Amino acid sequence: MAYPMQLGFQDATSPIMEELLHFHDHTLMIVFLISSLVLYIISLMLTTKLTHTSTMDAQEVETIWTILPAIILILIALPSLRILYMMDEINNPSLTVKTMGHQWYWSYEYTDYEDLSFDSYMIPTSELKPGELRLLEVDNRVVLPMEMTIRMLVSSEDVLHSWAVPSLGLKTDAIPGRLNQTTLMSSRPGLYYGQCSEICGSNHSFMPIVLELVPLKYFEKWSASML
């Protein structure tokens, strides 16, 4: 989850989110440098009483100012597109889990072997147990085995929603009539939070996601106890 006064991304929980962090660091340096160079050149242009107001020849300098940005763009797009396809790669999941968006809560279905399904609703602020996070806790968490490739399939039974877990780098829209696929692999056990990320009516702010990542043996006994 996010922590107070946070500036940047939540720490990466998956190899893909870690790649996004390094690619954002690379792109932010380019953003700072270009922004800084603009500000500095503006201040340069404005700090002299020397003048030169006759017609100025443009084509020479226009070369520099088209080619250097072209090159900067290629140096962004190369790692950008490496990551895109890296994310698209085949992986062979061990498990498929569906989630259906509703106004205003998520349901989950794990139907590889038994018909396991349940609803996951925000814990109302009046019923949080001490230590618990406002707007973020659910009653029934989405228990998943850690260190394993999981296919998440996302849709909705009413309006649009969007299923997101920032520290895994995940966000997949929940569209009715459509089954969208993403993959999820957590490098660590623990609790990982997200929130509905498409506007969906009165309780849009109040239909969060919590993944509980644990060892496979714990996952299997939990699954059996949820039948």
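Residue positions are given as counts along the sequence shown, with the first one as 1.
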| query | finding |
| --- | --- |
| 173-181 versus 28-36 - which carries the larger mean C-alpha B factor in the record | 28-36 |
| Mean C-alpha temperature factor, higher of 154-162 and 63-71 | 63-71 |
| Top Cα B factor in the deposited entry, candidates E109, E127, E132, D139 | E127 |
| Residue with maximal Cα B-factor (values as given in the PDB entry) among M122, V143, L81, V97 | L81 |
| Relative C-alpha B-factor of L21, binned into the chain's lowest, middle or highest third | middle |
| Chain third (lowest, middle, highest) by recorded CA B-factor, residue given as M56 | highest |
| Where the record places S187 (Cα B-factor, split into thirds across the chain) | middle |
| Entry-reported Cα temperature factor of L50, expressed as the chain third it lands in | middle |
| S43 - which third its CA temperature factor falls in, relative to the rest of the chain | highest |
